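In: below is the sequence, then the experimental coordinates.
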Amino acid sequence: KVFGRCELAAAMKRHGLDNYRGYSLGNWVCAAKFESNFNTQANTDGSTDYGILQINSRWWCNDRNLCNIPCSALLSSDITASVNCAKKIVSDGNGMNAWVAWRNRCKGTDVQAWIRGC
Ligand SMILES: [Cl-]
């Protein structure tokens, strides 16, 4: 499943990411756009970032996994386990700066523009 922007915005609001750990919905939508282009199935060091948030296996999944899920569970058409693992990740202490693409592209911009027009 490759989502659309509004479709995705609605799913993320559904799983309760609008203002989660401080971050408004746009930050999340903005990150999915540049990490996966909204594709729900997507080395260099360890191996493999999985899914629409592109969660790295070295740490978060097993393919000691921190989120307590397999990495296959970051590939289905619904985004539910992804979002749960996202929820643990963003509360390590580094926030959304975990996601590189978020730090270089979304941080500081007008991120509400990603939830305007839906
Ligand atoms: Cl934070």
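Out: The structure has been received and is ready for your questions. Residues are numbered from 1 along each chain as shown.
In: how near is the residue nearest in space to the middle of the chain to residue 38?
Out: By Cα atoms, centre = their mean, the chain has its centre lying nearest to residue 53, at 3.0 Å. Distance of residue 53 to residue 38, given as Cβ to Cβ, to the nearest Å: 11 Å. No exception for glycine: its C-beta is placed from N, CA and C like everyone else's.
In: re earlier: what is the three-state secondary structure of the residue nearest to the centre of the chain?
Out: coil (DSSP: H, G, I helix; E, B strand; the rest coil).
In: circling back: can you list residues touching both of residue 53 and residue 38?
Out: Residues touching both residue 53 and residue 38 (Cβ atoms under 8 Å, 6 or more residues apart in numbering) are residue 32.
In: let me know the distance separating the closest residue to residue 1 other than its chain neighbours from residue 7.
Out: Leaving out its chain neighbours, the residue that sits closest to residue 1 by Cβ to Cβ, 6 or more residues apart in numbering is residue 77, at 3.8 Å. Counting by Cβ to Cβ, the gap from residue 77 to residue 7 is 11 Å.
In: neighbour count winner among the two?
Out: Applying other Cβ atoms under 10 Å to residue 77 and residue 7 shows that residue 7 carries more neighbours, namely 13 against 9.
In: for the helix or strand containing the more buried one, list every residue counted as buried.
Out: In this structure, residue 7 sits in helix 5-14 according to DSSP states H and E. Using 16 or more other Cβ atoms under 10 Å as the test for burial, helix 5-14 gives 8-9, 11-12.
In: what helices and strands are in contact with the helix or strand just after it?
Out: The helix or strand immediately downstream of helix 5-14 is helix 25-36, counting by DSSP H and E. If contacts are counted by 3 or more Cβ pairs under 8 Å, 6 or more residues apart in numbering; DSSP states H and E, helix 25-36 sits against helix 5-14, helix 100-101.
In: fine by me, thanks again.
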